[PDB]
Amino acid sequence: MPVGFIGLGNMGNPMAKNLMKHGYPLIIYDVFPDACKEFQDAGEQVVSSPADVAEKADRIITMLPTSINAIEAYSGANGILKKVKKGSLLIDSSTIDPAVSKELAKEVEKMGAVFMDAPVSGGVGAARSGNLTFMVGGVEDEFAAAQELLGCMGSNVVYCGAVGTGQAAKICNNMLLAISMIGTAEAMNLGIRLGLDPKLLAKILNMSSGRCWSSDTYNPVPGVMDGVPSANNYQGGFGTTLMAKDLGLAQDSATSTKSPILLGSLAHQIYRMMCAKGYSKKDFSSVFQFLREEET
Amino acid sequence: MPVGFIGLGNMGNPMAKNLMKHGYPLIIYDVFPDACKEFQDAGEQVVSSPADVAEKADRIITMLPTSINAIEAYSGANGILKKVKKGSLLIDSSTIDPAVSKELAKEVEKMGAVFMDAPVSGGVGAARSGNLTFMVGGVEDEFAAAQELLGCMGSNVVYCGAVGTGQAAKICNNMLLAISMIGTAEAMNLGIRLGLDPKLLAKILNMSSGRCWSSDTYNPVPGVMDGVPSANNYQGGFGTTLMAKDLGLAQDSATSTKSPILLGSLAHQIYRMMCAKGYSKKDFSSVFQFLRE
Amino acid sequence: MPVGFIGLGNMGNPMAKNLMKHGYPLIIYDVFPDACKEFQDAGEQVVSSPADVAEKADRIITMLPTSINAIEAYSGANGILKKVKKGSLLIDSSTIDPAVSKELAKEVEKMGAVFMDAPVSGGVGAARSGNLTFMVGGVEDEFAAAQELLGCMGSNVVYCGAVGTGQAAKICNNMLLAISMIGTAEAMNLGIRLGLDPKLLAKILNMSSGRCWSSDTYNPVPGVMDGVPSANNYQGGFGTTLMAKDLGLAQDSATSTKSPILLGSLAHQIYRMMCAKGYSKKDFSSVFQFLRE
Amino acid sequence: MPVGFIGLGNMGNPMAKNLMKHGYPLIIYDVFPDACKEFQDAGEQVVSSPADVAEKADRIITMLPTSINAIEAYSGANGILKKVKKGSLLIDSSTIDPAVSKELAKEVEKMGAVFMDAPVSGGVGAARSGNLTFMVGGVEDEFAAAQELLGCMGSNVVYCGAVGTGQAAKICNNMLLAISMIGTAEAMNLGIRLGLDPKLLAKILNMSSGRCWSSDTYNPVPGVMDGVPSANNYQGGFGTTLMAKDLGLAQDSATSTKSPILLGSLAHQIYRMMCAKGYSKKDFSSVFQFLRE
Ligand SMILES: NC(=O)c1ccc[n+]([C@@H]2O[C@H](COP(=O)([O-])OP(=O)(O)OC[C@H]3O[C@@H](n4cnc5c(N)ncnc54)[C@H](O)[C@@H]3O)[C@@H](O)[C@H]2O)c1
Ligand SMILES: NC(=O)c1ccc[n+]([C@@H]2O[C@H](COP(=O)([O-])OP(=O)(O)OC[C@H]3O[C@@H](n4cnc5c(N)ncnc54)[C@H](O)[C@@H]3O)[C@@H](O)[C@H]2O)c1
Ligand SMILES: NC(=O)c1ccc[n+]([C@@H]2O[C@H](COP(=O)([O-])OP(=O)(O)OC[C@H]3O[C@@H](n4cnc5c(N)ncnc54)[C@H](O)[C@@H]3O)[C@@H](O)[C@H]2O)c1
Ligand SMILES: NC(=O)c1ccc[n+]([C@@H]2O[C@H](COP(=O)([O-])OP(=O)(O)OC[C@H]3O[C@@H](n4cnc5c(N)ncnc54)[C@H](O)[C@@H]3O)[C@@H](O)[C@H]2O)c1
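The numbering shown runs from 1 along each chain in the order of its written sequence and may not match that of the entry; residues for which no coordinates exist are omitted. Chain A is the first chain written and ligand 1 is the first ligand written, with later ones labelled in order. The side-chain quantities take in all heavy atoms of the structure and omit both hydrogens and water. Residues with missing side-chain atoms are left out of burial classes, side-chain pairs and their counts.

X-ray crystallography is the method the PDB entry states for this structure, with the resolution given as 2.55 Å.

So this is what it looks like as structure tokens:
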């Protein structure tokens with residue numbers, strides 16, 4: 001019973017592969033055609049557009065970079081909504097503006113289908129293993145159905161409320177993360193410059209009120225925690241570019257809902273600075289490197 | 001074998017009581033005399049100055065508000081250093097500027113005594129139960145001795161390095177808390193205004209990369225968590241005034257060490273505002289009230 | 001030769017009046033109908049919708065609050081673009097998102113008309129006297145035509161580039177204004193609290209590298225300058241609500257163009273908080289009153 | 001009638017030269033001895049310490065980098081106060097912590113001399129020409145005397161109040177400058193990236209509510225204005241190191257007076273970072289370079 005997948009990059013590729021592990025035939029499409037080559041070999045069908053995915057697939061998933069990509073993929077001249085069938089389940093696991101999710105939801109429900117935002121927590125690793133967290137928004141009746149499908153790609157699938165709530169939950173956590181990580185980087189930098197041994201300061205933080213996931217699970221000072229991007233030149237990880245994108249969404253939503261985010265705004269600008277300054281492909285925890293003094 | 005205690009407020013009072021529970025005679029002093037009244041009843045000796053505590057006590061503890069108070073309590077005209085005895089152990093568990101800790105350390109070591117900064121993590125509750133964390137700085141040989149004494153008032157006593165490193169650790173930790181608490185607050189306020197139930201957003205933060213002490217142990221959003229100040233109009237707890245003082249210490253250390261603290265600076269200024277806008281006596285998680293429309 | 005005017009609030013009312021002073025018949029429309037009553041008395045024609053202004057007016061001006069208002073006024077079910085005539089000149093002097101200006105520009109050009117964003121500098125006063133500055137974007141050949149019309153309402157009309165550049169010019173200015181006003185407020189408060197007389201600190205600021213329009217022309221500290229809003233409890237002036245709206249524009253355009261605006265972002269949030277804390281109707285210079293204890 | 005001058009760097013050298021232009025014999029000292037070599041050739045006396053300046057000079061001026069330097073130059077083992085004479089006039093035109101100015105003032109007054117803080121506005125250019133602004137604090141009777149002397153080096157000499165008020169004034173002006181300059185840079189960077197022509201955007205800023213000294217006299221965008229550091233790769237001018245120093249003085253005063261400074265703090269932190277990143281030897285207007293992609 002076929003499943004449609006549109007967009008097969010860093011999260012999409014392994015996500016799409018796990019659906020094949022659980023035994024689903026896929027109808028693939030991607031605007032970068034090289035990205036599909038691997039799937040045509042696996043036995044799966046590659047098509048020429050989103051509309052052509054919809055014409056053959058009763059329920060579809062979309063893992064695209066940002067809002068304009070989803071607007072295009074769905075509403076475009078050769079988009080999904082041009083040939084989506086009655087009662088179809090469309091799931092967008094991209095991270096995009098919630099307002100845009102609702103807009104798409106209105107246009108899908110106009111077509112007699114169901115739409116659900118389902119952005120993801122966890123990176124390329126969790127994507128492969130299948131331990132991603134899905135934050136799901138939409139008509140609650142349909143959540144049962146979506147859980148069946150999303151559970152193949154992920155270990156946690158949480159209902160967040162109406163369409164848009166999934167994006168809002170993703171965006172809020174990333175903002176807190178962004179803030180806490182820059183904070184850890186600063187507390188750590190100040191302490192080291194005050195004479196403390198990083199390993200000990202990190203200990204003190206991690207047993208006190210300062211403790212957070214940044215300090216205890218993703219520590220940005222090299223030589224403190226093994227297994228994290230700081231141990232490995234901040235390679236791979238979750239990309240500064242993406243942190244900045246997600247922060248940018250938080251800024252858009254903060255402004256529109258007239259929500260003051262003092263620390264969040266600055267987190268956004270710091271990451272935006274980092275991207276213009278050669279950190280864009282480095283892990284977001286490399287904010288510590290950015291704070292840390294250069295020699296003369 | 002007598003122990004000297006100078007400064008008996010919110011942390012000092014219960015700390016001093018726990019030393020009595022483990023069976024130490026106390027030589028009490030406080031510039032606010034009413035604060036002593038309770039101890040003169042318990043059988044303890046109240047004196048007229050710090051110098052007079054030092055004249056009678058071989059090892060002393062000081063729990064004072066900030067730097068100027070410690071500078072006065074020690075170096076003052078009738079301060080400790082006027083009558084401290086050879087080989088005495090002086091411990092300052094105030095949260096003050098590290099630089100000032102070193103300056104006192106130099107003046108104590110001049111007098112042939114030992115000084116150690118030992119600021120505390122945990123609030124009034126931990127103080128009473130005796131589960132405070134002490135972050136201790138000073139000459140490492142002396143740490144053994146200090147652990148013996150501090151362990152009566154606290155459950156964790158950690159060596160941080162040379163004199164000043166304890167204040168360094170307390171100050172830094174409080175900055176991360178402030179940044180994170182305001183962070184959690186901004187995040188929850190955002191999500192609520194985007195139409196999320198707070199109990200569900202907290203769940204998500206807490207099973208995710210956002211998780212931190214502020215969000216999973218001290219949530220600032222009324223009705224999310226039992227047994228926290230947001231459950232009770234932000235009474236008690238750790239006060240905005242004190243938070244703001246501590247972040248001031250961070251700001252000044254950051255300046256002195258030339259360390260960029262962008263968020264830390266905002267955190268400082270936000271709590272300074274709250275002190276001016278009637279939050280001074282509320283718990284610092286009340287920053288969420290301050291952002292909430 | 002008729003001129004269409006949509007939206008007659010604080011800037012719109014006096015702008016519309018100055019076009020009557022130079023001798024133009026007006027075709028008025030406003031979603032708040034009481035706002036029109038004054039013009040039906042002057043002899044001018046009030047209509048039921050923007051579309052109905054278009055049906056009667058060869059060149060139209062729109063002075064609306066923000067983006068969605070322009071999007072609706074033009075593209076709406078009974079909007080301008082429903083009945084606009086070949087070769088018409090449409091001028092939007094609202095302050096809105098540049099991106100939205102371009103979008104309307106494409107939609108107007110599709111209908112064989114000309115569109116031009118022409119936001120304004122100067123307040124209600126400049127509006128009345130006719131000394132507003134217009135920042136104008138659009139196809140440069142059409143600038144001559146627009147200057148003829150806008151010059152009735154304003155004393156300076158400057159070409160900024162393609163459609164969107166006017167909004168981008170207004171938005172960047174109001175961002176620098178906001179940053180500098182909060183700066184002046186902060187600097188003055190710091191000096192006052194450091195024991196300076198405010199009038200002296202202003203003298204110094206205004207003869208030195210700190211001088212800016214905020215300090216030498218619109219000074220936020222009551223009693224430093226006569227005739228500025230701070231001399232009359234921040235009544236009238238340029239509204240805190242609108243400044244936040246404009247800073248929201250800067251913010252969202254900074255995001256879209258990936259432009260780091262650190263102080264700018266803070267300015268936005270500070271003004272955001274003021275709206276929620278009882279400054280929304282007060283002049284934007286009231287940030288001083290908001291900082292002061 | 002001899003004048004003592006201690007510290008002959010970027011401001012000191014030309015200041016000291018203007019005193020020679022008005023015809024004063026100078027008794028020079030500087031911890032960097034090469035800095036003196038030029039004055040030994042002019043006929044002036046170089047000495048081996050501040051104390052040795054005081055032994056020969058009835059009224060002295062000190063143009064040093066920061067607080068510790070003044071503390072040392074005055075109170076040091078071979079400092080001024082070791083051999084200052086009755087009724088002498090000591091003037092410190094360094095930019096330092098006001099609290100430290102008062103401390104010195106008390107120590108000078110104890111020795112029967114007068115002390116006056118007199119920090120300066122205007123850079124290396126105004127220094128040479130003699131158009132610097134002096135902001136003067138101290139006992140008001142003595143202001144007459146100091147004006148006679150300072151007027152040789154500067155065109156404006158303003159009384160600010162008691163000792164420390166000069167520093168107070170310098171420090172709040174510079175904080176406002178930092179905020180506006182970063183503001184301008186942010187404003188200009190955002191306009192450019194929204195596609196404006198810079199020369200135009202500056203024109204608009206400079207005829208609108210955004211206008212300020214930063215944008216109309218010292219515009220950081222290369223090629224908008226002639227004559228400013230941004231025309232010459234940000235060489236010379238007013239160094240990022242010193243701006244960061246002055247904003248550290250604002251910050252520490254801001255904390256000490258419990259004054260909220262959200263933007264001044266950010267300003268401080270930005271300039272801090274720029275010093276960490278090889279902007280230190282560059283004029284402070286180089287903040288535009290730093291934000292720009
Ligand atoms: N990478 C991570 O560690 C991580 C973690 C959590 C969440 N996310 C979120 O997941 C989303 C995508 O992650 P990713 O790293 O796989 O992105 P990606 O860019 O690597 O993959 C997206 C793919 O979509 C394709 N695409 C773009 N527009 C399209 C269109 N109109 N039609 C068809 N295909 C199109 C691109 O060719 C690309 O291969 C983002 O929104 C991101 O915020 C990423
Ligand atoms: N309150 C908390 O939850 C908490 C937690 C950890 C650390 N701290 C830190 O511990 C320190 C004290 O906290 P607190 O709430 O007990 O303060 P407090 O005001 O409640 O207690 C201070 C006491 O010291 C006295 N005092 C002031 N100057 C004195 C002097 N010169 N000589 C003798 N006594 C003097 C005061 O009269 C008062 O009784 C602070 O530095 C604070 O930041 C507090
Ligand atoms: N007020 C000032 O001092 C000042 C100064 C310079 C620039 N501005 C800018 O001018 C713009 C508008 O200023 P204002 O004070 O006139 O705003 P305003 O709110 O006072 O007036 C706008 C009017 O438009 C009407 N309106 C709203 N939606 C409409 C619609 N869809 N169709 C037709 N009419 C509609 C409203 O009823 C209202 O009366 C803002 O973007 C602001 O930034 C204001
Ligand atoms: N540079 C400017 O455009 C400008 C403008 C206004 C105000 N200021 C203020 O002026 C002050 C100094 O300005 P500058 O640019 O000449 O600095 P500078 O570094 O060029 O000059 C300082 C001089 O004093 C000497 N010195 C340092 N410590 C000494 C000591 N203990 N005893 C004797 N000499 C000592 C140094 O060797 C140096 O020659 C600063 O405090 C700054 O904020 C500078």
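What follows covers the pairing of strand 2 (residues 26-29) of chain D. Residue and element names in this part refer to chain D. Both faces of strand 2 are covered, namely the face carrying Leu 26 and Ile 28 and the face carrying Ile 27 and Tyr 29. Crossovers are marked right-handed if the path from the first strand over the helix to the second runs clockwise, as seen with the strands pointing away from the viewer. A run of H or I in DSSP becomes a helix once it reaches four residues, and a run of E becomes a strand once it reaches two; helices and strands are each numbered from the N terminus. Handedness of the crossover joining strand 1 (residues 3-6) and strand 2 through helix 1 (residues 12-21) is recorded here as right-handed. Pairs of strands are assigned from DSSP output, requiring at least two bridges between the strands. Note: strand 2 against strand 3 (residues 45-46), two bridges, orientation parallel. The residue bridging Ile 28 from the neighbouring strand is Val 46, located in strand 3. Between the parallel pair strand 2 and strand 3, the chain is carried across by helix 2 (residues 37-42), and the sense of this crossover is right-handed. When a residue's accessible area, from a 1.4 Å probe over protein chains only, is under 20% of the maximum for its type it is buried; when over 50% it is exposed; and in between it is partly exposed.

Moving on: the pairing of strand 2 (residues 26-29) of chain A. All names here are of chain A. Going residue by residue along strand 2, you find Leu 26 and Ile 28 tucked away on one face and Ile 27 and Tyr 29 tucked away on the opposite face as well. Both strand 1 (residues 3-6) and strand 2 contribute to a ladder of four bridges, which runs parallel. Along strand 2, the bridge assignment pairs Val 3 with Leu 26. Between the parallel elements strand 1 and strand 2, the chain passes through helix 1 (residues 12-21) in a crossover that is right-handed.

To continue, consider the interface of chain A and chain C. For an interface, size is often stated in terms of accessible area lost upon the parts coming together. Contact criterion: two residues are considered in contact whenever any of their non-hydrogen atoms come within 4.5 Å of each other. If you look at the interface, chain A gives 15 residues, while chain C gives 15 residues. Both sides of the chain A and chain C interface together cover about 1,300 Å² of buried area, and 70% of this is carbon and sulfur. Contact with chain C buries surface across chain A, with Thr255(A), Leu262(A) and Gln269(A) losing the most and accounting together for 34% of the total. Any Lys or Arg side-chain nitrogen located within 4 Å of an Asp or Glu carboxyl oxygen qualifies as a salt bridge. For the pair chain A and chain C, the number of links is zero salt bridges. A simple way to read buried area is as the amount of 1.4 Å-probe accessible surface that goes missing from two parts once joined, with both sides added.

Chain C puts 58 residues into the contact, and the matching count from chain D is 56 residues. For the chain C and chain D pair, buried surface summed over both sides reaches about 4,900 Å², with 71% attributable to carbon and sulfur atoms. Where chain C touches chain D, the interface holds one salt bridge. Here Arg211(D) and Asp216(C) are joined by a salt bridge, their closest N and O atoms 3.2 Å apart.

Turning our eyes to something else, we now look at the site of ligand 4. Residues and elements named next belong to chain D. As a structural note, the neighbourhood of ligand 4 is formed by 25 residues, with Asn 10, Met 11, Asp 30, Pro 65 and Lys 245 the closest of them. Polar contact criterion, stated in full: a pair of N or O atoms within 3.5 Å, where within protein one must be able to donate a hydrogen and the other to accept it, and residues adjacent in sequence count only if both atoms are side-chain atoms. For ligand 4, an oxygen atom lies 3.0 Å from a polar atom in the backbone of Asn 10. Residue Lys 245 places a side-chain N or O atom 2.9 Å away from an oxygen atom belonging to ligand 4. Note on areas: Shrake-Rupley, 1.4 Å probe, and residue coverage restricted to the protein chains presented here. In isolation ligand 4 offers 850 Å² of accessible surface; the protein chains occlude 86% of this area. Here the shell around ligand 4 takes three residues from helix 11 (residues 240-256), the largest share from any one element. A per-class count over the shell around ligand 4 returns 13 nonpolar, eight polar and four charged. Note on terminology: near, applied to a residue and a molecule or strand, indicates that one of the residue's heavy atoms is within 4 Å of it. Three classes are used, and their members are as follows: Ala, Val, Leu, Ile, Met, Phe, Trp, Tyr, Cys and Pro are nonpolar, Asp, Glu, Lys and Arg are charged, and the others, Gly among them, are polar.

The next subject is the site of ligand 2. All names here are of chain B. Taken together, 24 residues surround ligand 2, and among them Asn 10, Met 11, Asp 30, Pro 65 and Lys 245 come closest. Within the backbone of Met 11, a nitrogen or oxygen atom sits 2.9 Å from an oxygen atom of ligand 2. At 2.7 Å, a side-chain N or O of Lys 245 approaches an oxygen atom of ligand 2. The protein chains hide 86% of the 840 Å² of surface that ligand 2 would expose on its own. The dominant element in the shell around ligand 2, judged by the number of residues it contributes, is helix 11 (residues 240-256), at three residues. Across the shell around ligand 2, the residue classes break down as twelve nonpolar, eight polar and four charged. A domain assignment, automatic or from a database, supplies the domain bounds used here. Split by domain, the shell around ligand 2 shows at least three residues from each of two domains, domain 1 (1-162) and domain 2 (163-293).

All names here are of chain B. Taken from the UniProt record, the annotation "active site" applies to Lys 170. Tracing the chain through its elements places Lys 170 in helix 8 (residues 165-193). Setting aside chain neighbours within four positions, we find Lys 170 in contact with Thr 95, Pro 119, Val 120, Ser 121, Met 135 and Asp 246. UniProt positions are given in the numbering used here, feature names are shortened, and annotations may be inferred rather than shown by experiment.

Turning to the domain arrangement of chain A, a few remarks are in order. Residue and element names in this part refer to chain A. Under the domain assignment used here, chain A contains domain 1 (1-162) and domain 2 (163-296). Once you take the C-alpha centre of each, domain 1 and domain 2 turn out to be 29 Å apart. Listed as interface residues are 24 residues of domain 1 and, on the opposing side, 14 residues of domain 2. Across the interface of domain 1 and domain 2, roughly 1,400 Å² is buried in total on both sides, 60% from carbon and sulfur atoms. Taken as a group, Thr 95, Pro 98 and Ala 162 account for 34% of the area that domain 1 buries against domain 2, more than any other trio of residues on that side. Where domain 1 packs against domain 2, one counts twelve residue pairs in polar contact. Secondary-structure elements contributing two or more residues to the side of domain 1 that touches domain 2 are helix 5 (98-110), strand 6 (114-117), strand 8 (132-137) and strand 9 (154-161). Examining the composition of the side of domain 1 that touches domain 2, we find that four residues originate from one element, helix 5, more than from any other.

The set of buried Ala, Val, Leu, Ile, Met, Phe, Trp, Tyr and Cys residues whose side-chain atoms join them within 4.5 Å is what this entry labels a nonpolar core. Membership of the largest hydrophobic core comes to 204 residues, with the highest contact counts inside it found for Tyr271(A), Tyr271(B), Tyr271(C) and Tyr271(D). Sequence-distant contacts of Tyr271(D), that is, excluding residues within four places in its chain, are made with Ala178(D), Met181(D), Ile182(D), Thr240(D), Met243(D), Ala244(D), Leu247(D), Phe284(D) and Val287(D). Judged by nonpolar contacts, the second largest core, of 32 residues, contains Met15(A), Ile61(A), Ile91(A) and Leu132(A).

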